[PDB]
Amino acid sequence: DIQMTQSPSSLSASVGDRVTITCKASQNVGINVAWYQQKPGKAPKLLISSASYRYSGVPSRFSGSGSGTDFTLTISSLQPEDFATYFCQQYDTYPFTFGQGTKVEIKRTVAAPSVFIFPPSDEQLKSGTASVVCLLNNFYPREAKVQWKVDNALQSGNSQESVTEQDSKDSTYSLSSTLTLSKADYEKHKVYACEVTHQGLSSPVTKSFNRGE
């Protein structure tokens, strides 16, 4: 099918900034392109169609341009309500296809995370599993490296991260990284550590515990 590739995949901006998002179609689609805005939990909202025509009511700060394969959405002066994910779509030929989205997030000053570690509860251990939770609280920017070490050995493949949406009040992120092990594997080791690298930290921060202490 016709692949629609947006650039960049995300960008950080401030209120008042001019924002440009590009969309490249893998084959010519004329001017049969639409742009949408989507906010978490909600359906996409139509902004532009026929490449350059604003949909009913859409403010004039939004503009679309292009034909053929190269399309551009410009937001001339970003407003608070404009932080969202934006998608292009072609409807020139079948199947209709959408871009992967470009998230426009809120720029703010760098904020280092506070880091907390939680050993498995005795309650959980009673049930035969062991989850170790590392929490990164209220940091910015989003990019953060969180590595698990067990007895000082770097882990792969046995942890999962989850992140919040940018905070309504301070525009930061928070993040959990959870190491999940069988009780049997958990009890074979002593030292559990999560190491956090972030632009706001002059060197990586480690939080650790000794099993059972």
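Numbers for residues come from their place in the sequence shown, where the first is 1.
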| remark: Assert higher mean C-alpha B factor (90-98 or 104-112, deposited values) equals 104-112
| Given the B-factors recorded for C-alpha atoms, which segment has the greater mean, 20-28 or 194-202? | 194-202
| query | Highest CA temperature factor in the entry: which of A184, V150, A51, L47? | reply | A184
| note | Reading the B-factor column for Cα atoms of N158, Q38, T69, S56, the highest value belongs to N158
| query | Split the chain's modelled residues into thirds by Cα B-factor; is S127 in the lowest, middle or highest one? | reply | highest
| remark: In terms of its chain's C-alpha B-factors, the third that includes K42 is the middle
| Split the chain's modelled residues into thirds by Cα B-factor; is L175 in the lowest, middle or highest one? | middle
| note | Sorting the chain's modelled residues by C-alpha B-factor and splitting them into thirds places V146 in the highest
| Third assignment of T85 from its chain's C-alpha B-factors | lowest
